[PDB]
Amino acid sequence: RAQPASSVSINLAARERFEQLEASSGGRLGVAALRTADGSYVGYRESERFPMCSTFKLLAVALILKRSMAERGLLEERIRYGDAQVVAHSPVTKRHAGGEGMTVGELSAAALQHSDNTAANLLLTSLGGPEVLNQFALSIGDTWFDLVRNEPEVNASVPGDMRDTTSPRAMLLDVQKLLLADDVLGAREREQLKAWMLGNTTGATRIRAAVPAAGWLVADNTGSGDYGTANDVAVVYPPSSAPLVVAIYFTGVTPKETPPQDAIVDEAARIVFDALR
């Protein structure tokens, strides 16, 4: 797509800042960000593969929402599961194992608002597994998304492992297509997906931490993993402005036990907001 002349210059200036941040970081940084009003854009390693961690759950919930347009009551279907299926970082689903279960819509909310790993797994199984989700990615024009495992193994983020990866640009394009265009999801479904992502509670140290002033909203999707891995993909709603789309992936710090480098994602988002101001 086209961009204003200013965007070409600003992207070069942003790239120098991203290079310096990455050089300090111990790892590898990937960014794609778009100002939808005019097409201004910044990219850094935008077509490299990064571990998705649980950011795959955006496509999983989107596919279920697409199917719910024809399958009435899909979101009300109840799924039951045992304690043995409750994996790490499952703050909602751990309360409803056994006879009670959760509906598909409740699982979608838990996955998108609390990064509930078991919820993501249950939705992935419900839709038909990783290969079916990859086919959905391809159907929306995403040739990079490549899910192989489920949680917690997807979060392993081993440096050099290309399984369970996507690119920042591919995810940016997916966020735009699923939330800001009408070719995949209907208007009510886009609104529900947006409402779930606006209510995410796991993003306070990432893109949300970088917003420059009060009055901004962020509809995001985080992922976290081993080797310092911290990701955040979002639509950002600035005051009196058309939306921005921001996809940040960061990974690859040894040792394995390095915690997600949220502060790097925060700073990358600050560079983005400066470039797109």
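Sequential numbering from 1, following the sequence displayed.
Higher mean CA temperature factor, per the PDB entry, when comparing 60 to 68 with 245 to 253: 60 to 68. Mean CA B-factor, 144 to 152 versus 167 to 175: the higher value falls on 144 to 152. As recorded in the entry, 79 carries the highest CA temperature factor of 111, 79, 162, 204. Listed residues 157, 121, 115, 192 were ranked by CA B-factor as deposited; 115 comes out on top. In the deposited entry, the Cα temperature factor of residue 213 places it in the highest third of its chain's modelled residues. Residue 240: CA B factor lies in the highest third for its chain, per the PDB record. Annotation for residue 14: C-alpha temperature factor in the middle third relative to the rest of the modelled chain, per the entry. Sorting the modelled residues of the chain by their CA temperature factor places residue 24 in the highest third. Among the modelled residues of its chain, residue 86 has a C-alpha B-factor that falls in the highest third, as given in the PDB entry.
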